[PDB]
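**Student:** Protein chains in written order, with the authors' numbering: chain G, 1 to 117; chain B, 340 to 580; chain F, 1 to 110; chain C, 15 to 66, 78 to 143, 152 to 172, 187 to 243, 258 to 290.
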Amino acid sequence: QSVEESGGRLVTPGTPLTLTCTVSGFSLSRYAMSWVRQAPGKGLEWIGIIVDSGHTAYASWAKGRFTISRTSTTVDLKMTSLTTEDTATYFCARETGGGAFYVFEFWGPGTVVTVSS
Amino acid sequence: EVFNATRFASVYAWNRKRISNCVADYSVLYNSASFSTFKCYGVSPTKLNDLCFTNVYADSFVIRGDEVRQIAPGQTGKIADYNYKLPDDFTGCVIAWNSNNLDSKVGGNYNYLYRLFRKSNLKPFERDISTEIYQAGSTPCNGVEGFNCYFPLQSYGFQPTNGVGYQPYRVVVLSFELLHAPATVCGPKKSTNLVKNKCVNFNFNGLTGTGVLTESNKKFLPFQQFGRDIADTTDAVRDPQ
Amino acid sequence: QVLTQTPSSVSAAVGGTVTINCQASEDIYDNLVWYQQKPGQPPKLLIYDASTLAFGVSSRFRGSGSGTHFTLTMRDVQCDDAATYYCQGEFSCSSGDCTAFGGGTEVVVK
Amino acid sequence: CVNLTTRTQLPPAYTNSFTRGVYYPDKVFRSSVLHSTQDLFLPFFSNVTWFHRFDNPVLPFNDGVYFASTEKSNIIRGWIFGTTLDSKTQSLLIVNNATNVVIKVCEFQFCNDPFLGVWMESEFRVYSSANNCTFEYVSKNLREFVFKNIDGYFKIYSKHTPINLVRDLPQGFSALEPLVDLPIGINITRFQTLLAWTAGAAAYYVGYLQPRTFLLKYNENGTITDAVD
Ligand SMILES: *[C@@H]1O[C@H](CO)[C@@H](O[C@@H]2O[C@H](CO)[C@@H](O)[C@H](O)[C@H]2NC(C)=O)[C@H](O)[C@H]1NC(C)=O
Ligand SMILES: *[C@@H]1O[C@H](CO)[C@@H](O[C@@H]2O[C@H](CO)[C@@H](O)[C@H](O)[C@H]2NC(C)=O)[C@H](O)[C@H]1NC(C)=O
Ligand SMILES: *[C@@H]1O[C@H](CO)[C@@H](O)[C@H](O)[C@H]1NC(C)=O
Ligand SMILES: *[C@@H]1O[C@H](CO)[C@@H](O)[C@H](O)[C@H]1NC(C)=O
Ligand SMILES: *[C@@H]1O[C@H](CO)[C@@H](O)[C@H](O)[C@H]1NC(C)=O
Ligand SMILES: *[C@@H]1O[C@H](CO)[C@@H](O)[C@H](O)[C@H]1NC(C)=O
Ligand SMILES: *[C@@H]1O[C@H](CO)[C@@H](O)[C@H](O)[C@H]1NC(C)=O
């Protein structure tokens, strides 16, 4: 079970950017993918989760400007109206098994999204 | 109609059903794997088919999954002390299973209520329906919601995105009791095939003996069961089958 | 909705023990997990359910606590344990914000 | 319920029991065998009450009841049994209505004068309240019945016969066969029959059982043909 992701780029504020997480070695329709981020040298932050059925959950601090989508082998997350304080590192993390949500045993390598002029 | 129906009662408003004059079958439930947890106290479920009980009480409710541990004899919890309390010498058990596919909603199933506050711990096997506002201040709240006047009843946030601990769980507790009264609830026992013209050890309806059972040509009366001779000699005729 | 971790930073010798306290603003039963994040590496889940050691982790890390207070203690902390630790617990549903992460703590061994 | 007092008071008549009230004690089958038993029976050649007009007062249930009735319109419908009959304790109830037999065992707020109204029946005022129930059940001519309660079991033996007499128990012999068993552990002391505005004519005979010894003769087919006190 290998989970990787990509989409790191340097973009101006307010420019949408999508980030794609590719799974390998397991069935995505059984396991829940999630999105987390951390600022340089700061603590972990939670972005959202998608259950295996397809239902979506987000975070209050996000205000509802993320969008997480699922397909065959690409758990993708899209952003709108980027600010200058979103420069952080993003990960997509897998679960242990059926149910038992919010455990994050397997994590991606890590990608950095920077916003500047 | 009790194990899987369209409507199950709440944890604080659990539904009691009386099972009597029934020929129960505990083998099918033992072999069924659709139930998350099934383990019983006082009597092993393997031999439930043998014991005969005068009456059975089945209480159905839907609780939080992580709270299924609280439903046990000698257990202290929130729903255990305020919604459903079990006696220490409780005979029987509970059968519980995850029911997120039916008892949860995308926006949150809020039809399930549970009590958080009350005067004191309730006695085992007690039902509470009154929705009196739990007052925590000195001044009488006059039954009006406000400050320091807490509402004991709260609704569970059942959503598909919740964890297995938070998924709704349907629980039906079976309780068995006996007293100085005839027993009626038990299994169908067993009826092995009958063999004729051979010296066999027979047990007909609780009468045991040894002998050869041949075909007979005699007339009984509809209510008659046994047969007799000039001196207390049994010639059984009425097959229970 | 708020997770708190204490202390922010603490150090101990190689032949010593230290404790970390994680407090939840709401009742979370025992649904609480821990992570270890080395500098530049993704977090690794060390203990889940606040009392079960994860697969492949050492036995020198122990977890306890229940309800709103949880404690993770490391015994005979080696030089490889110098990293950051975080606690996370499920927080009901609609009522709050699904799940939240703790502030984290830093451990350095002399 | 309904209080009615238009009844002509009169002491009840008595009639000779003759040789009625023999019931099979169990399901044993014997042929051409004279068998001696000791059990609760109605003594031969006794004098039994002959109630009548409307007259349905309470009758104690000492140890068992032999209840006989002959009519042409089935004015008699059912029975109430129990001890207090005030819903403060258990109280049996049997109604053999036109549809089917209905039997209950719980407490009922029985009035002092329960009856049934009648032709289309409209009145049902035997009781007013019933709570905390335990058991339920739905299933020229002289009808004979024997009711007993042993070890918390209720036994009903019944028999229907065609008669040509007028105003007395016919002089003959007829065995009583077991009909119904009820598994209810109620200690019982009293009962009261039923009747079905307009007033009709009815008369039912009541007899009380006691421990005795009997001899019974079985025929080739096992039916009882004669008995000896
Ligand atoms: C409700 O539960 C009963 C349990 O007895 C189900 O009846 C059996 O269910 C299994 C599994 O689906 C079947 O293999 C059997 O054939 C069922 N028995 C009979 C007699 O049909 C019942 O199906 C359940 N109801 C629903 C809607 O699933
Ligand atoms: C029918 O008559 C009886 C007796 O005449 C009534 O029973 C009395 O009811 C009153 C009030 O309910 C009680 O105070 C008496 O104690 C009862 N009598 C006895 C002897 O206890 C009965 O209420 C009447 N029913 C109707 C419908 O009129
Ligand atoms: C007993 O059950 C079997 C099963 O179908 C049936 O064939 C038979 O007629 C039944 N007999 C009685 C007396 O109920
Ligand atoms: C007839 O019945 C009365 C009623 O008490 C009784 O006193 C009398 O002894 C009976 N007569 C016979 C012959 O049994
Ligand atoms: C109901 O009746 C049963 C006996 O059938 C008795 O044990 C119980 O105490 C009764 N309850 C009430 C509330 O009358
Ligand atoms: C007999 O019936 C009475 C009610 O009239 C009851 O109180 C008593 O307990 C019964 N007898 C026994 C031995 O239970
Ligand atoms: C027994 O029944 C047969 C016919 O069923 C009848 O001929 C015979 O007379 C009966 N036996 C007696 C003693 O009546």
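Ideal Cβ positions, reconstructed from N, Cα and C, are used throughout, including at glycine.
1) Using 10 angstroms around the beta-carbon of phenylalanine 497 of chain B, count the other beta-carbons present and answer buried if the total reaches 16, otherwise exposed.
2) If you draw a straight line from the alpha carbon of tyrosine 102 of chain G to that of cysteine 391 of chain B, how long is it in whole angstroms?
3) Buried or exposed: where does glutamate 169 of chain C fall if 16 or more other Cβ atoms within 10 Å of its Cβ makes it buried?
4) Curious, which full-length beta strand (DSSP E) runs of at least 3 residues does the segment 499-575 of chain B contain?
5) Under the assumption that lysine 202 of chain C contacts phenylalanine 565 of chain B (Cβ atoms under 8 Å), give the Cβ distance between them as a whole number of angstroms.
6) Label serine 469 of chain B either buried or exposed according to how many other C-beta atoms from any shown protein chain fall within 10 Å of its C-beta, with 16 as the threshold for buried.
7) Mapping the DSSP letters down to three states, classify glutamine 409 of chain B as helix, strand or coil.
8) Rounded to the nearest angstrom, how far is the Cβ of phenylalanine 238 of chain C from that of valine 90 of chain C, given a contact under 8 Å?
9) Give me the chain F residues within the contact set of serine 60 of chain G, using Cβ-Cβ distance strictly less than 7 Å, ordered along the chain.
10) Pick out every residue whose C-beta is nearer than 5 Å to a heavy atom of ligand 7: which are they, in chain order?
11) DSSP three-state call for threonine 385 of chain B: helix, strand or coil?
12) Can you check DSSP and say which residues form a bridge with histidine 69 of chain F?
13) Return the residues of the segment 491-504 of chain B that lie within a Cβ-Cβ distance of less than 7 Å from chain G, sorted by chain order.
14) If I measure Cβ to Cβ from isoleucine 285 of chain C and keep anything under 8 Å in the same chain, skipping five residues before and after, which residues do I get?
15) Does any C-beta atom of chain B lie closer than 8 Å to the C-beta of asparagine 31 of chain F?
16) Give the residues whose C-beta lies closer than 5 Å to at least one heavy atom of ligand 6, in chain order.
17) Quick one: what's got a C-beta closer than 7 Å to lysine 110 of chain F's C-beta in the same chain, skipping five residues either side?
18) Just grab the DSSP bridge partners of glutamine 23 of chain C for me.
19) For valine 367 of chain B, verify whether its CB is less than 7 Å away from any heavy atom of ligand 1.
20) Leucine 28 of chain G lies in the alpha helix (DSSP H); which residues open and close that run?
21) Is it true that the CB of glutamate 281 of chain C sits closer than 8 Å to the CB of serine 45 of chain C?
22) Do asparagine 437 of chain B and ligand 1 come close, with the Cβ less than 7 Å from some heavy atom?
23) Using a Cβ cut-off of 8 Å (strictly closer), state whether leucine 44 of chain G contacts chain F.
24) Which residue comes first and which comes last in the beta strand (DSSP E) that contains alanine 397 of chain B?
25) At a Cβ threshold of 8 Å, is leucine 45 of chain F touching chain G?
26) DSSP on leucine 56 of chain C, reduced to helix/strand/coil?
27) Verify the contact flag: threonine 240 of chain C, CB atom, against every heavy atom of ligand 5, threshold strictly below 7 Å.
28) By how many angstroms is the C-alpha of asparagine 422 of chain B removed from the C-alpha of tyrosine 453 of chain B?
29) How would you write the range of the beta strand (DSSP E) that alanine 163 of chain C sits in, first residue to last?
30) For chain B, check one thing: does any of its Cβ atoms lie closer than 8 Å to the Cβ of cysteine 87 of chain F?
31) Are the beta-carbon atoms belonging to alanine 435 of chain B and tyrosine 508 of chain B less than 8 Å from one another?
32) Would you list, in chain order, the members of the segment 93-113 of chain G that have their beta-carbon closer than 7 Å to a beta-carbon of chain B?
33) Who are the near neighbours of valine 51 of chain G in its chain, counting only those whose CB is closer than 6 Å to its CB and skipping five residues on each side?
34) Check for me: the beta strand (DSSP E) holding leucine 216 of chain C runs from which residue to which?
35) Flag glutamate 26 of chain F as yes if its beta-carbon sits less than 8 Å from any beta-carbon of chain B, otherwise no.
36) So, is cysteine 432 of chain B buried or exposed, given that buried needs 16 or more other C-beta atoms within 10 angstroms?
**Tutor:** Let me lay it out:
1) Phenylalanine 497 of chain B comes out buried.
2) Each residue's alpha carbon lies about 47 Å from the other.
3) By the neighbour-count rule (16 or more Cβ atoms within 10 Å), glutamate 169 of chain C is not buried but exposed.
4) Within the segment 499-575 of chain B, the complete beta strand (DSSP E) runs of at least 3 residues are 507-516, 538-543 and 546-551.
5) With a contact defined as Cβ atoms closer than 8 Å, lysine 202 of chain C and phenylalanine 565 of chain B miss out at about 18 Å.
6) The residue in question, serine 469 of chain B, is exposed, as its Cβ has fewer than 16 Cβ neighbours within 10 Å.
7) DSSP places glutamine 409 of chain B in the helix class (H, G or I) of the three-state scheme.
8) Between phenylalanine 238 of chain C and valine 90 of chain C the beta-carbon gap is near 7 Å, inside 8 Å, which marks them as a contact.
9) In chain order: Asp97.
10) Result (chain order): C:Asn280, C:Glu281 and C:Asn282.
11) For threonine 385 of chain B, the three-state secondary structure derived from DSSP is helix.
12) Bridge pairing for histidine 69 of chain F: F:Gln23 and F:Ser66 [DSSP].
13) Residues passing the 7 Å Cβ filter: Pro499, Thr500, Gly502 and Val503.
14) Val36, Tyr38, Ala222, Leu277, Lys278 and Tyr279.
15) Interface annotation, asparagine 31 of chain F: in contact with chain B, CB-CB separation under 8 Å.
16) Selection output, chain order preserved: C:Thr108 and C:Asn234.
17) Within the same chain, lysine 110 of chain F has close Cβ partners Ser11 and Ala13.
18) Paired residues: none, contrary to the question.
19) For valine 367 of chain B, the CB falls within less than 7 Å of some heavy atom of ligand 1.
20) It is not in any alpha helix (DSSP H) - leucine 28 of chain G carries neither H nor E in the DSSP assignment.
21) Going by C-beta atoms, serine 45 of chain C is nearer than 8 Å to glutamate 281 of chain C.
22) For ligand 1, not one heavy atom lies less than 7 Å from the Cβ of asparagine 437 of chain B.
23) Output row for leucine 44 of chain G: interface = yes.
24) Where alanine 397 of chain B is concerned, the enclosing beta strand (DSSP E) stretches over 394-403.
25) So yes, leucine 45 of chain F belongs to the interface.
26) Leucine 56 of chain C: coil per DSSP, three-state reduction.
27) Not so, every heavy atom of ligand 5 lies at least 7 Å from the Cβ.
28) Straight-line Cα distance between these residues: approximately 7 Å.
29) Looking at the DSSP string, the run of the beta strand (DSSP E) that includes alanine 163 of chain C is 160-164.
30) Judged by the 8 Å Cβ criterion, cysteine 87 of chain F is not in contact with chain B.
31) Going by beta carbons, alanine 435 of chain B and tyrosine 508 of chain B fall inside the 8 Å limit.
32) Along the segment 93-113 of chain G, going in chain order, the ones with a CB nearer than 7 Å to a CB of chain B are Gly99, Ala100, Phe101 and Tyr102.
33) When the five nearest sequence neighbours on each side are left out, the beta carbons in the same chain lying within less than 6 Å of the beta carbon of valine 51 of chain G are those of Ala32, in order along the chain.
34) Under the DSSP assignment, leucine 216 of chain C falls outside any beta strand (DSSP E); it carries neither an H nor an E label.
35) Not an interface residue.
36) Only buried fits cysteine 432 of chain B, as 16 or more other CB atoms lie within 10 angstroms of its CB.
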